[PDB]
Amino acid sequence: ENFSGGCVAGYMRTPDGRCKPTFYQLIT
């Protein structure tokens, strides 16, 4: 759903607004 827009395809985000891989980036 498009609310905060989101990030690039395959990017999850934290409450702070950090984009990283849908899986574990490196440090999870």
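Residue numbers in this text run from 1 along the chain shown.
According to its header, this structure was worked out by solution NMR.
A Cβ is built for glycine as well, from the same backbone N, Cα and C atoms used for every other residue.
Per Swiss-Prot, the features are:
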- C7-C19: disulfide bond (DISULFID)
- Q25: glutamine amide (MOD_RES)
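According to the PDB entry, the protein has these features:
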- 26-28: expression tag (SEQADV)
Sequence-remote partners of the expression tag (26-28) [C-beta within less than 8 Å, at least six residues beyond its ends]
none
Write down the Cα-Cα distance for the residue listed as 'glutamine amide' and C7 (disulfide bond), rounded and given in Å.
14
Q25 (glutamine amide): tally of other CB atoms within 10 A of its CB
12
Taking DSSP as the reference, which of helix, strand or coil describes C19 (disulfide bond)?
strand
